[PDB]
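S.K.: Next up is a structure, given as structure tokens.
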Amino acid sequence: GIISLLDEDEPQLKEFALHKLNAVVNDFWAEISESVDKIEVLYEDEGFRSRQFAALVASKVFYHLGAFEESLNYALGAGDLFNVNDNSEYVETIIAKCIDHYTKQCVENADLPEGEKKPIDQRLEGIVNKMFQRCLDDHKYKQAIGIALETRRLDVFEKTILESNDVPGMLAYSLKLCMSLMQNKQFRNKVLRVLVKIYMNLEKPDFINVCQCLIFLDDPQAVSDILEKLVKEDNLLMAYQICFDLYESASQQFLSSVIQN
Amino acid sequence: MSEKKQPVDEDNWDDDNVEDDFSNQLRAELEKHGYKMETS
Amino acid sequence: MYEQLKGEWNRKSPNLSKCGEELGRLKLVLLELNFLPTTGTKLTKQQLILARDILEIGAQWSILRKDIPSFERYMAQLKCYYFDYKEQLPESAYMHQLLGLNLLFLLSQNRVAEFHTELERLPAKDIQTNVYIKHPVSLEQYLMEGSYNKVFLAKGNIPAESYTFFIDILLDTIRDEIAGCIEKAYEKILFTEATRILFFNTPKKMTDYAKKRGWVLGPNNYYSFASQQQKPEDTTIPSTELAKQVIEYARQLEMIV
Amino acid sequence: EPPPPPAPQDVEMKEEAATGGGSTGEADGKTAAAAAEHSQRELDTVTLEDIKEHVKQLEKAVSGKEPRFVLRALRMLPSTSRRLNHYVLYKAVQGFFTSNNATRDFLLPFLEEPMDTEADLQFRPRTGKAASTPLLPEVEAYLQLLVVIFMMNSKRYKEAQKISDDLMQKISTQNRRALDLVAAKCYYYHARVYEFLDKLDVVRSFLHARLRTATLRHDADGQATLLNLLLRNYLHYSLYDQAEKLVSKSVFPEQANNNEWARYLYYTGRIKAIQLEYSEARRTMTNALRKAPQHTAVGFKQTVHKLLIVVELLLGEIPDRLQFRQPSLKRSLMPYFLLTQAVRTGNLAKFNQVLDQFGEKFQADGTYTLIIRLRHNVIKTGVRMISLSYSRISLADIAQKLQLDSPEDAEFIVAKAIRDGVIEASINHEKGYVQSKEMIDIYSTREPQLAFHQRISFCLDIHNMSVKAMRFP
């Protein structure tokens, strides 16, 4: 229609044409479906300035059609002109699909020995902590922990417990939540032990943390090291209740083996 | 549910079938076929 | 405003002088308004009427240079000037025979959905005015009920020589349908019927057609033989593959309990 | 004046008692994507309100429901059910007390009243009814002067209900579908407000944007209600929007209401009429014809049939309309029995007399693409009738019996017939013979056994439709 006009070699008709496109885009969504190859060619022209805005409007039209996934790749390759917008229905559907791609990416990559991972692109992982900044602005903790488990990784999950005024009650039934949900033992126990790390970062000397990971992640040396903390501490409440918890709620082999340690 | 654009915009009823052969054709039928005896 | 760019209105293009000036001036229009996604104050639409007429002469220069995608692109531009959201525009002399030219190329290009949106984009005014609509749509009727009888006789009535260029394309869709519809569908025809319908009475053009059938001629005759061989039957392959359809019929017995 | 106080007190209270009190149960029946047993019932009574005795049809005292049910439009702890019972006892403002009319004058602060009363406790079809049923049963006043924007303001508070619909209750409202049903009918009232005088320039890009908000995420019945808007207003106001579909053609998952699916198939078949694709069109317009058996006795099924069967006449063959003739249709002469009478003839003078004499009714046809090839259909009907009658015929018979003035014009007609495959003829291009003939083997050797995969594919798909029917209870 008004898109075949681009046979000129100068790009200013192309910028005038996109100035027409975003103006009268509200009635002509089928015409770009024939201009898909022209979108590809104008995208693969580097020094031509409007490859990125072509990627924007291509995400728009392929969001109208149903090619949401090349809309997603075009949103990635649509420059900072894409990331400057995060307030719309369009943008919330496509960041839902974007961190959908990110979470299937992370669940795939999470079981790989030390590497050989697929390239997690920087845009889809930067909008992760941008949405965590939106969580901090909204001040909401459980939405922040939902996003913190969307990544299935300790990066922003570490940052939710790195916040200020994190009530250890909510952070402690977060352990309950993650106990009843996470399927593999590949990183559920890792979430457990990083929470007992952050509870050793808590100023009160915590023992519900070691009380739980001692009977799940079954550490024979951590009970000995908190016993050396008992040797330092010299209380009588210190050697009593966690002792009873492991003493009626651990393995028969476990305490009878570790008692000599 | 009935409208949606449209409110703005035995007899001979079975005999109509061969009456389509009676109206355009054969109205002086045995006035020519009855005269096939003596026309030739 | 640009006082008059068409100072050589009857001296359109003996060169590409005003064609380069036309690229520059259409680019000046592109710089100034942008196109017509604007409400307009109707004085910026006066140079849009000038833009209509210089895109008419740009269509004439595009058929002068034979750049048909730029021709039909400027033609789609002029149709968008008639798809322009204000009908309240001044009137040009070519206002309907541009639709006539669009109709004629649109019929020559073998697009019949484009033919019916041509008879549907502005339906009611196509019947009476502009005999360069009625003579093409009754010429479509002549293609419907009696073609190869009125083509040259219709070329004999175009006083406005811009329609013979596109009924040369219609002569091409005449000659290919000769090449598909006088041999390899009949029995035999003699040389004088091909001499009448295939004009100039022995070019390498009707010789090109006679050999384009994949066939060798004799003297003073054109047989249309050696076709539809073997009486084909497709021996037992549907018997096999429709049992391979009965396979997923058993799968339809499977998917239900 | 004593008989018109009992009746609205009865019927309007049986409306909203059932409506509100059952929609409460329908939205506290935590999951219901199908149930909606008072939603479609209230739609069956609001289409009946358009027959019946409106919100108030200025019913001979003051028209008082309009200063009644939108005041204190607040559904608190169930003493507001007693507020609605106070709106039952207060129905005799017309007969007992001082009569105040507040239609068309104080309805605008009444349109401000569902917000001026306290927070909506997640029952929007009561407020959707309060944004539709005041002024859209006042479209039947037909004045449409300075109340066009008033009815449009009632639909602006419908747009406030879309704000509270898909900008509020972010956990699975499921009256989103009921409000799709209500919003569809009030989009046809957007039609009945703008399209009386303008087009819906709001709802052009908002037709596409309401398709956007009901594309995949909460799309149920919204898709083809909006697509019937998309495929109905985009017929009179022009075309290639049907070609704007052709790269994003998407229909329902499951077929909807039978009338809805029927008229939708009718719209797309009528679009394929101007596309001149005659293969899919005949079966989908037959489906649409038999699938809408319920119509008002003034007609509208003969309307749908009238504008249906024209391309079926243009097929080259069509059954006789001796199964559709209606007397008011006989007086209105809508599909012209005389036209298909002349189709069965090879007559030209009476057929073009139908044309020239009845161009006044061709105005109501508006489908003038019929004639320029329907004359061709007349001459093809003649040659089809003759060549189907005769085994062998020559040009000397038919080329001058149908006065084609020449052998070769009938040779071109038979050439286009063989190009259509209708006749199996041959032309002796030596003496001037059509040495016509007929093909052989009309026996059931190879053809019906291959057509039985269509027959039995039909059968097994109806088996699977029976299976999916079995799947719902």
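S.K.: Using amide H atoms built 1.01 Å from N in the peptide plane, name the residues 5+ places from D:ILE427, or on other chains, whose amide H lies under 5 Å from its own.
M.R.: Residues meeting the criterion, in which the H sits 1.01 Å from N, are C:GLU187, D:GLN435.
S.K.: Along the positive direction of the dipole of chain D (beta-carbon charges: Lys, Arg +1; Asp, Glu -1; about the Cα centre), which of D:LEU402, D:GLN9, D:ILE418 reaches farthest?
M.R.: D:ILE418
S.K.: Put +1 on the Cβ of each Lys and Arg and -1 on the Cβ of each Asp and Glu in the protein assembly as shown; which of A:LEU65, D:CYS459, D:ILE386 then has its Cα farthest toward the positive end of the dipole?
M.R.: D:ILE386
S.K.: So if I average 1/r over every pair of distinct C-alpha atoms in the range D:38-82 and take the inverse, what Kirkwood radius in Å does that give?
M.R.: Details: mean 1/r = 0.0795 Å⁻¹.
After inverting the mean inverse Cα-Cα distance, the result is 12.6 Å.
S.K.: Given Cβ point charges of +1 (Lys, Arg) and -1 (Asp, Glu) and nothing else, what value in debye, to the nearest 20, does the dipole of the range D:319-473 about its Cα centre take?
M.R.: On the way: 21 positive and 16 negative charges, 155 e Å.
Dipole magnitude for the range D:319-473 comes out near 740 debye.
S.K.: OK, next. Counting pairs of alpha carbon atoms under 8 Å apart in space and at least six apart in sequence, what relative contact order in percent does chain A give? Don't jump to the answer; show the numbers that get you there.
M.R.: Values: 161 pairs, mean separation 21.2, N = 261.
In percent, rounded to a whole number, it is 8.
S.K.: Further question on the same structure: Whole-Hz Karplus ³J(HN,Hα) for the range D:446-463, in order, using 6.51 cos²θ - 1.76 cosθ + 1.60 and θ = phi - 60°, x for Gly and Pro?
M.R.: For the range D:446-463, the Karplus curve yields 10, 6, x, 5, 7, 6, 6, 6, 5, 4, 7, 5, 3, 4, 6, 5, 6, 4 Hz.
S.K.: Here's another thing I want to ask about it. Extent of the range C:170-250 along each principal axis, from alpha carbon coordinates, in Å, largest to smallest?
M.R.: So the extents along the principal axes, rounded to whole Å, are 65, 29, 16.
S.K.: Can you compute the equivalent ellipsoid semi-axes for chain C, i.e. the square root of 5 times each eigenvalue of the Cα gyration tensor, sorted largest first and rounded to whole Å?
M.R.: On the way: eigenvalues 450, 198, 61 Å².
Each semi-axis is √(5λ); the values are 47, 31, 18 Å.
S.K.: Moving to a separate point now. Gap in Å between the Cα centre of the range A:243-260 and the Cα centre of the range D:117-136?
M.R.: Comparing the Cα centres of the range D:117-136 and the range A:243-260, I get a distance of 64 Å.
S.K.: Mind listing the phi-derived Karplus ³J(HN,Hα) values for the range D:295-300, rounded to whole Hz, using 6.51, -1.76 and 1.60 with θ = phi - 60°, and x for any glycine or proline?
M.R.: Per-residue couplings from phi come out as 7, 6, 4, 5, x, 6 Hz.
S.K.: State, as an integer percentage, the relative contact order of chain D based on alpha-carbon contacts under 8 Å between residues 6 or more apart.
M.R.: Working: 377 pairs, mean separation 34.0, N = 473.
7 percent.
S.K.: If you don't mind, another one. For the range D:198-262, what is the charge dipole size about the Cα centre, in debye to the nearest 20, if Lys and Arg each add +1 at the Cβ and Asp and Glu each add -1 at the Cβ?
M.R.: Values: 8 positive and 8 negative charges, 33 e Å.
The dipole magnitude comes to about 160 debye.
S.K.: If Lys and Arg each add +1 and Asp and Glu each add -1, what is the summed charge of the other residues whose beta carbon sits under 11 Å from the beta carbon of C:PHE199?
M.R.: On the way: positive: C:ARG175, C:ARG196, C:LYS205; negative: none.
With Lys, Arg at +1 and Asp, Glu at -1, the neighbours total +3.
S.K.: Please give the net charge around B:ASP20, taking every other residue with its beta carbon less than 9 angstrom from that of B:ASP20, where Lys and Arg add +1 and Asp and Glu add -1. Present the calculation step by step, with values, prior to reporting the outcome.
M.R.: On the way: positive: D:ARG344; negative: B:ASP16, B:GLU19, B:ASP21, D:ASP320.
Net of charged neighbours comes to -3.
S.K.: Another question about this same structure. Do any GluC sites (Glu not before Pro) in the range C:130-214 lie in a loop, going by DSSP, with at most 12 other beta-carbon atoms within 10 Å of their beta carbon, and if so which?
M.R.: Numbers: sites: C:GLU140, C:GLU145, C:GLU161, C:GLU177, C:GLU183, C:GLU187, C:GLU193; in loops: C:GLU145, C:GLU161, C:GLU183, C:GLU187.
Counting only loop positions with at most 12 other Cβ atoms within 10 Å, the GluC sites (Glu not before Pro) in the range C:130-214 are C:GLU161.
S.K.: In peptide C:142-149, what is the residue-averaged number of other protein chain Cβ atoms found within 10 Å of each Cβ? Let's see the in-between values first.
M.R.: On the way: counts 0, 0, 8, 13, 11, 4, 5, 4.
That works out to 6 on average.
S.K.: Hey, which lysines would be in cross-link range of D:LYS437, C-alpha to C-alpha under 21 Å, not counting anything within fewer than 8 residues on its own chain?
M.R.: C:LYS184, C:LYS188, C:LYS231, D:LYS380, D:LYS401, D:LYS416
S.K.: So what's the angle, to the nearest 10 degrees on a 0 to 90 scale, between helix D:407-419 and the longest Cα principal axis of chain D?
M.R.: Taking the Cα atoms of chain D, the angle to D:407-419 is about 50 degrees.
S.K.: Using alpha-carbon pairs under 8 Å, 6+ residues apart, how would you state the relative contact order of the range A:1-155 in percent?
M.R.: Numbers: 103 pairs, mean separation 21.2, N = 155.
Computed over the range A:1-155, the figure is 14 percent.
S.K.: In peptide D:400-408, how many Cβ atoms from other protein chains are near each Cβ within 10 Å, on average? Walk me through the intermediate numbers first.
M.R.: Details: counts 0, 0, 0, 0, 2, 1, 2, 0, 6.
The shielding value for this peptide is 1.
S.K.: So, one more: Using R₀ = 41 Å, calculate the FRET efficiency as 1/(1 + (r/R₀)^6) where r is the Cβ-Cβ separation of D:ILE149 and D:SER279; round to 0.05. Before the final figure, lay out the partial values.
M.R.: On the way: r = 47 Å, r/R0 = 1.14.
The formula returns an efficiency of 0.30 here.
S.K.: Give me the one-decimal nm value for the distance between modelled label points at A:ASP80 and A:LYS104, 7 Å along each residue's Cα-to-Cβ direction.
M.R.: 3.1
S.K.: Which loop-located GluC sites (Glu not before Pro) does the range D:76-154 contain, where loop means any DSSP state but H, G, I, E or B and the Cβ has at most 14 other Cβ atoms within 10 Å?
M.R.: Numbers: sites: D:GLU112, D:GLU118, D:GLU138, D:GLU140; in loops: D:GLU118.
Answer by residue number: D:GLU118.
S.K.: For a quick size check, give me the Cα extents of the range A:47-166 along its three principal axes, largest first, whole Å.
M.R.: 47, 37, 29
S.K.: What ³J(HN,Hα) values, in whole Hz, does the Karplus curve 6.51 cos²θ - 1.76 cosθ + 1.60 give for the range C:71-87 when θ = phi - 60°, with x put for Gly and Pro?
M.R.: Result, ordered by residue: 4, 6, 6, 5, 6, 5, 4, 5, 5, 6, 6, 9, 7, 4, 5, 9, 6 Hz.
S.K.: For A:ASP111, C:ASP126, what ranking results if the residue with the fewest other Cβ atoms within 10 Å of its Cβ goes first?
M.R.: On the way: A:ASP111 9, C:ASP126 21.
Sorted ascending by nearby Cβ count, the order is A:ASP111, C:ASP126.
S.K.: Also, quick follow-up: How many nm separate the modelled label positions at C:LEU28 and B:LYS32, each set 7 Å beyond the Cα in the direction of the Cβ?
M.R.: 7.7
S.K.: Here is a further query. What number does the protein assembly as shown give for Rg over Rh if you use C-alpha atoms and the Kirkwood radius?
M.R.: Numbers: Rg = 38.6 Å, Rh = 36.8 Å.
For the protein assembly as shown, the value is 1.05.
S.K.: In the structure shown, do any of B:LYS5/D:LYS14; C:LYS79/D:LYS361; A:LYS185/A:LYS229; C:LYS134/C:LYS155 have a Cα-Cα gap over 21 Å, and if so which?
M.R.: Values: B:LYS5/D:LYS14 30 Å; C:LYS79/D:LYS361 31 Å; A:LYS185/A:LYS229 29 Å; C:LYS134/C:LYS155 14 Å.
The pairs that break the limit, which is 21 Å between Cα atoms, are B:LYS5/D:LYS14; C:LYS79/D:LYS361; A:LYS185/A:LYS229.
S.K.: Angle between the Cα long axis of helix D:278-291 and the longest principal axis of chain D, 0 to 90 degrees, nearest 10?
M.R.: Between the helix axis and the principal axis of chain D, the angle is about 40 degrees.
S.K.: Could I ask something else about it? What are the radius of gyration and Dmax of chain D, computed over its Cα atoms and given in Å?
M.R.: For chain D, the Cα radius of gyration and maximum Cα-Cα distance read 29.5, 102 Å.
S.K.: Let me ask something additional. Arrange the following residues from fewest to most other Cβ atoms within 10 Å of their Cβ: A:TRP29, C:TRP9.
M.R.: Values: A:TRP29 17, C:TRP9 10.
Fewest-to-most ranking of A:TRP29, C:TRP9: C:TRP9, A:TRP29.
S.K.: Sort A:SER164, D:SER79, D:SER406 so the one with the fewest other Cβ atoms within 10 Å of its own Cβ comes first.
M.R.: Values: A:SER164 5, D:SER79 9, D:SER406 14.
Listed from fewest to most nearby Cβ atoms, that is A:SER164, D:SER79, D:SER406.
S.K.: Just how far, in whole angstrom, is the range D:269-314 from the range A:75-138 if you go by their alpha carbon centroids?
M.R.: About 51 Å separates the Cα centre of the range A:75-138 from the one of the range D:269-314.
S.K.: Turning to a different aspect of this structure: Identify the GluC sites (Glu not before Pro) of the range A:114-199 meeting these criteria: DSSP loop state and at most 15 other C-beta atoms within 10 Å of the C-beta. If you can, show how the numbers build up before the last one.
M.R.: Details: sites: A:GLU114, A:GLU116, A:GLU125, A:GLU150, A:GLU158, A:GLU163; in loops: A:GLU114, A:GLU116, A:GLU163.
Those that pass, being in a loop and sparsely packed, are A:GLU114, A:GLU116, A:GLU163.
S.K.: Apply 1/(1 + (r/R0)^6) to the Cβ-Cβ distance of A:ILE208 and D:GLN169, taking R0 = 30 Å, and write down the FRET efficiency to the nearest 0.05. Please report the intermediate quantities before stating the final value.
M.R.: Numbers: r = 38 Å, r/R0 = 1.27.
Result of the calculation: an efficiency of 0.20.
S.K.: Give me the net charge for the shell around C:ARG73: Cβ to Cβ below 10 angstrom, other residues only, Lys and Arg +1, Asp and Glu -1. It would help to have the intermediate numbers written out before the result.
M.R.: Numbers: positive: none; negative: A:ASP7, C:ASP67, C:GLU72.
Local net charge: -3.
S.K.: Just to confirm my numbers, what's the Cα centroid distance between the range D:5-39 and the range D:414-459 in Å?
M.R.: About 62 Å separates the Cα centre of the range D:5-39 from the one of the range D:414-459.
S.K.: Then there's this: Can you tell me the dipole magnitude for chain D around its Cα centre, using point charges on the Cβ only (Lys, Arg +1; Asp, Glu -1), in Debye to the nearest 20?
M.R.: Values: 64 positive and 56 negative charges, 92 e Å.
So the magnitude is around 440 debye.
A short reminder: the numbers here are calculations on the coordinates, not readings from a lab. All Cβ positions, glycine included, derive from the backbone under ideal geometry; neighbour counts span all protein chains shown.
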